[PDB]
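In: Okay, structure incoming, though there's no sequence with it:
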Ligand SMILES: *[C@@H]1O[C@H](CO)[C@@H](O)[C@H](O)[C@H]1NC(C)=O
Ligand SMILES: *[C@@H]1O[C@H](CO)[C@@H](O)[C@H](O)[C@H]1NC(C)=O
Ligand SMILES: *[C@@H]1O[C@H](CO)[C@@H](O)[C@H](O)[C@H]1NC(C)=O
Ligand SMILES: *[C@@H]1O[C@H](CO)[C@@H](O)[C@H](O)[C@H]1NC(C)=O
Ligand SMILES: *[C@@H]1O[C@H](CO)[C@@H](O)[C@H](O)[C@H]1NC(C)=O
Ligand SMILES: *[C@@H]1O[C@H](CO)[C@@H](O)[C@H](O)[C@H]1NC(C)=O
Ligand SMILES: *[C@@H]1O[C@H](CO)[C@@H](O)[C@H](O)[C@H]1NC(C)=O
Ligand SMILES: *[C@@H]1O[C@H](CO)[C@@H](O)[C@H](O)[C@H]1NC(C)=O
Ligand SMILES: *[C@@H]1O[C@H](CO)[C@@H](O)[C@H](O)[C@H]1NC(C)=O
């Protein structure tokens, strides 16, 4: 399964909208998840999405400043960026949870991220 | 417990058996979805059969809202009043909120599935389980539905199915016991609700868990779903706990019928000797499976009587032939031969019983053929100790179980008391 | 028993009725073959008729095999204890040993018999009768389905028929009463037991027999048959035994309400003056029918009240709404006129009641129009009035049916006694 | 009633509630017709449905209509014997005679047409409503006769429905409670009788009238119709009436657990401080609804106990865990801390009661966070106020609820008095 | 959050163990992640099972700690390990500092 779209170049306090398309992948049947990786640090947690848009879970700086949107029609996962400051300069991977409708046994675990897309670039000047 | 020297009074201790208690529970969370999923076009009768269900749950969403006493706005760190029967009832319900964010995550998924039972879970031991409404038979009617060619004339089989299922529902939902929930889906608790030490079950253990009280904690109108928090037990074989059933017979005194009024069961637990109320425990082959420790202390008399000194036992007066007059104690037969005819070997050889003796023990093969008011039998062994004849057992404590006699007697005790002081 | 002069206190005896007891039960054998039969060709509904019957059968045979712990190991003509009730119901289990031949002989014939009910009797008593469940309706399903079954007009038709049947079968086969045994097959008792035993009971009598208990003695897992040993009754009118229903009213002492706590029924049997029970019994137009002899002795003070000497009845304080306070004796009115409004020949013409006396009797057309609490009635002409013994009754046996009251009383009886020694 | 200074003995009065009684009764006439109406073609030969009621109503006509006591043949301007309860019932039957003629007038019209419910009214306080058996369900399945292109699978669908409905009928017809009449027709009591005396009903108020007994006055085997004289109440709010729910807590003495055995509920009417009953009542949000006045006088001891005189209260020994031993009275927990593990602000800070005090008062001004034998709770601010320093609170009123124990104890009392004058 | 060793290095062979400890993993499974520097991470151990692509290493969960045990050394394993878990409440995920590994 392949999932990434990329594209981002912004200024502090600006806005952006990341996206990733899960080609060859049951987008509606499987959950979604994003992960942030600072260039000088390890991975960290940002935002979660269920198979449907019913539950949105966020940990953006352990608060709400970003919105990630799910769309089953075009099978793409969109995250809305705004008011970047001193804490978001990193790389972003679009990720898909292992579990899903056919095998729900691991649905309750949101950290079993099966396959990860190529990293996308963001910058805080 | 002293079984010998006790048959001679009419108290017949029976069947030493073990004891098991459900001292701790391993909770789970059942999530019933009262709507089935159809995997082809539409079933034109779904809306109508859905409408029938709307009568039931619509009563339940305000059956909980406006009923909660809000005993715990404090969270397991205007309550008014609430007791330990509710403390444990809602503290276990306090744990529902911490799992509410978890259970809801499954409820978003089970909605779109087409599988009867799913046991998805997070923790190593605990597992939430999803049960759909009639999805078991739905897969067994949608498969024939290809032969019936229709949303109806096909969905009619579904149409009768859910109405029958609705006919099954509202019965135990009209405190629900676990048996009903298993009854709807024809399944059993050892198939879906068994993990780790909560998995290996006997046949008597199976019924005890089905007899526990199941609680409803949430109803979502949009999903037509009900959330049930069950308390699966862990039954430890409690040590030195023998539960002897006790029966009584008509111990005769001067041609009048009397019997010793022991409770339904008696236990010995170390020094503890008091009886029990086993109206709730499921009886096993060699043990009793009790939710709590049912033991309640007896009187001093009924506890001194059961350790011997039969010269202390209560002596009720028989009214109506509910107490027997003869029973098969071991291989031999013990009977009140004054009131019922025993006759020993010869059918016409009606044996005399002295008027001062209550029951005559017929064992040690003195009567190899015994006929109780007719009939015939053959004693084997161990019903006595060499035709054990005890001393003159003089019973002192005559008690009457009706409040009228007690009241009348003290009225005489009150009357002469006034006369006594002069 | 003197009904007259008993109404002067409130012990208000009702109409006599007859008594009937089933002394010598005569046994018959049932064979419930829980399986239909398809006449000609293997249908598409018979695939599932067995599968839904899986649950019921294997919850019976191990429960039965474990049930029959042998209580009569030693033959008729290692036990523990078995009471008289147990062995009396255990010897009846022995009778299946001799009948097993015809039990097997018929069950061999019922393997393929296309008959709803079949009866073959070596003897008319202790005979055997077999029932093939819904096979009678199967004989009705085949008639149209022989032309348009299409596996839908028969397979589903038979499938829903047994599914509804299996639903009811699970209800009354979960110690059974004959009503379920009869009702589940849509037949009455008179048909299933066509002999010279049921064609003799009254219309208000065969309703009693349907309330009798039915045992189970044989279960097999090949034909799913269940063998039922029913104990049909042979009822005797007995003699000199009549049942009086008894009611009480508010005997008023000094503006306080009191009533006499008589049992729900009273029987007289020669010198056996009273005590009765009806909860087990059924009643015909002019006779009660009981399995046992429910009569039990009353207290001597309690019994003397019904014997004619009235000054020794027990007197109970009325709590609320449990004492009628006014009733219509034959062709008359007896009431507590202090508590309830008695008006004579006009709403505004109130009856005055002496406070010292109890209830006041209005009869012999003393008031051609009598109004209970403002509701006028007209006294009949056949009524019997008795104002003699207006001497104050002066009941002295005051009893309380609440154990707390008794316990508190004797504490006073003790606290006033301890210092009496000094 | 004082709630404070009474919590010192483990009596936890709940929130006060109102007392609404059904002082006045409306009257209505349900006229049930257990036979649906079909346009033509015998519903494709469904007349077999008609046979099922013949097993049900045919036994009714001799069950009620064939045999009454005919207690009111005297003018309502031998009778046998009947109490007031029958008389009140009998009077209602006479009221049907005045409206009898109207019953057949509607019965003449209900036999035709196909509307499920009809209503005609003759007097402002007496309207009559007609209900067909399953007509509403019939009203929709008539189209499947042509929409599904078959009388069969529709009449068969009708047959099983009435078979289900007949099973529904047999449940509480095998007294009558209106929920049957509602649930059997699966209907809305607000949609019935369409009266200004029923519209202004709270959900709790509307739930109460679902429980009042429905009577049977007539059966018409020609039309299979049952005429029910249904009674509607007028729920006035009896003023100056407070209902409290009362619980008990283990007021330990010398490590022996006792408690104070209060009734389930306590009421207060100006000065009348007796108990109450709720088993026949209905719980509302802020009031009680009962079809009577359940208030019954309590003992002097148990009445003086609740009036603030707390020395005289009954004091019974605990047997088994039926007393909570800890409860959330107001905000601050009160418990028996030498039987349950009490803590403040941490698990390690256990609380020890003195060997003389019973339950201990705990408040947010004394204990901010409190865990009891496990768990942990912060003390929400509320009205419970301090230990308050009651003096040594001796209870003088041992009360045993075992008739055997009462009988055993007085035997010693009799023994003491027999030698008191020798 | 859960933590682990900052880094560890070995020779070209034998076996290697990677530790993990924190306020979590007592009643929750573990999901060890590797990413070759400059590439997206991969899953190796979800729960107690193993991904088929990984056989070579399976790890071991303990009462309070996690441990992934691997053997050998090739042109692989020159990357750090991330020890991850589900949040205590069930909403977030937690990640530890990468334990840099060289063969
Ligand atoms: C429970 O049901 C399953 C279903 O096949 C069966 O295999 C199992 O034996 C049953 N267990 C008990 C204890 O009845
Ligand atoms: C009889 O033995 C029992 C054993 O518990 C003892 O308590 C009792 O006091 C003895 N008899 C009497 C009445 O002293
Ligand atoms: C019981 O009664 C007998 C005689 O009636 C007497 O000898 C005996 O002492 C009594 N038992 C007790 C414990 O007092
Ligand atoms: C039993 O039912 C049959 C019809 O099958 C009827 O002829 C007979 O009169 C009924 N007997 C009784 C006692 O109801
Ligand atoms: C009841 O009355 C009779 C006759 O008036 C009297 O002889 C008898 O003693 C009384 N009953 C009792 C128990 O004394
Ligand atoms: C009953 O008590 C009264 C006093 O209240 C007394 O005059 C009368 O003699 C007593 N009669 C009997 C039979 O005890
Ligand atoms: C029954 O009445 C209406 C039907 O017209 C229904 O909407 C309502 O919910 C039911 N009763 C109550 C008290 O809600
Ligand atoms: C009531 O209280 C008083 C004093 O507080 C006390 O003397 C009395 O015993 C109590 N009980 C009654 C019934 O008066
Ligand atoms: C209650 O008993 C105690 C000691 O047992 C005594 O001091 C006190 O006076 C008693 N109370 C009453 C009201 O008699």
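Out: The structure has been received and is ready for your questions. Numbering: from 1, shown residues only, chains lettered A, B, ... in the order given. Ligands and ions are numbered 1, 2, ... in the order given.

In: got the residues of the stretch 201-350 of chain B near chain D?
Out: Residues of the stretch 201-350 of chain B that fall close to chain D, judged by Cβ under 8 Å from any Cβ of the partner chain: B:261, B:277, B:292, B:294, B:295, B:296, B:297, B:299, B:301, B:302, B:314. (Each C-beta comes from the backbone N, C-alpha and C, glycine too.)

In: Narrow those residues to just the buried residues.
Out: B:261, B:277, B:294, B:295, B:296, B:299, B:301, B:302, B:314 (16 or more other Cβ atoms under 10 Å in any protein chain shown).

In: The fourth one looks like it's in a helix, true?
Out: No - with the criterion set as DSSP: H, G, I helix; E, B strand; the rest coil, the secondary structure at residue B:295 is coil rather than a helix.

In: Check whether it really touches residue B:273, as I assumed.
Out: No - contact status for residue B:295 versus residue B:273: not in contact, 9.4 Å apart, counting by Cβ atoms under 8 Å.

In: Quickly check the residues of the stretch 201-350 of chain B next to chain D for the two that are furthest apart.
Out: Within those, two members stand farthest from each other by Cβ to Cβ: B:292 and B:314, at 26.6 Å.

In: pretty sure residue B:164 is in a strand, no?
Out: No - if the criterion is three-state DSSP, then residue B:164 is helix and not within a strand.

In: circling back to that earlier point, I'd like to know which of the buried ones among the residues of the stretch 201-350 of chain B next to chain D is nearest to chain A.
Out: Within these, proximity to chain A (Cβ to the nearest Cβ) peaks at residue B:294, which comes in at 38.5 Å.

In: burial count for the residue nearest to the closest one when sequence neighbours are not counted?
Out: Taking Cβ to Cβ, 6 or more residues apart in numbering or on different chains, and ignoring the residues beside it in sequence, residue B:294 has residue B:276 as its nearest neighbour in space, at 4.6 Å. Taking other Cβ atoms under 10 Å in any protein chain shown as the neighbour definition, residue B:276 ends up with a count of 24.

In: Minimum distance to chain C, which residue of the stretch 151-300 of chain B gives it?
Out: With Cβ to the nearest Cβ as the measure, the residue in the stretch 151-300 of chain B that lies nearest chain C is residue B:247; the distance is 5.3 Å.

In: wait, what's in contact with that residue?
Out: Shown in contact with residue B:247 (Cβ atoms under 8 Å, 6 or more residues apart in numbering or on different chains): B:11, B:12, B:14, B:324, B:327, C:81, C:83.

In: now swap in residue E:94 and tell me
Out: Listed by Cβ under 8 Å, 6+ apart, the contact partners of residue E:94 are A:45, A:111, E:1, E:2, E:22, E:24, E:84, E:85, E:86, E:87.

In: Same list, those residues, but as a markdown table with neighbour count and secondary structure please.
Out: Output for the contacts of residue E:94, formatted as a markdown table (neighbours: other Cβ atoms under 10 Å in any protein chain shown; DSSP: H, G, I helix; E, B strand; the rest coil):
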| residue | neighbour count | secondary structure |
| --- | --- | --- |
| A:45 | 24 | strand |
| A:111 | 26 | coil |
| E:1 | 15 | coil |
| E:2 | 20 | coil |
| E:22 | 17 | coil |
| E:24 | 20 | coil |
| E:84 | 26 | strand |
| E:85 | 25 | strand |
| E:86 | 24 | strand |
| E:87 | 17 | coil |
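
In: export those residues to JSON lines and tack on distance to residue C:407?
Out: As requested, these are exported to JSON lines (distance: Cβ to Cβ, whole Å):
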{"residue": "A:45", "distance to residue C:407": "68"}
{"residue": "A:111", "distance to residue C:407": "66"}
{"residue": "E:1", "distance to residue C:407": "65"}
{"residue": "E:2", "distance to residue C:407": "64"}
{"residue": "E:22", "distance to residue C:407": "63"}
{"residue": "E:24", "distance to residue C:407": "60"}
{"residue": "E:84", "distance to residue C:407": "68"}
{"residue": "E:85", "distance to residue C:407": "63"}
{"residue": "E:86", "distance to residue C:407": "60"}
{"residue": "E:87", "distance to residue C:407": "60"}
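
In: Check the secondary structure at residue B:142 for me.
Out: With three-state DSSP as the basis, the three-state label of residue B:142 is helix.

In: That one touches residue B:36, doesn't it?
Out: No - with contacts defined as Cβ under 8 Å, residue B:142 does not count as touching residue B:36, sitting 9.4 Å away.
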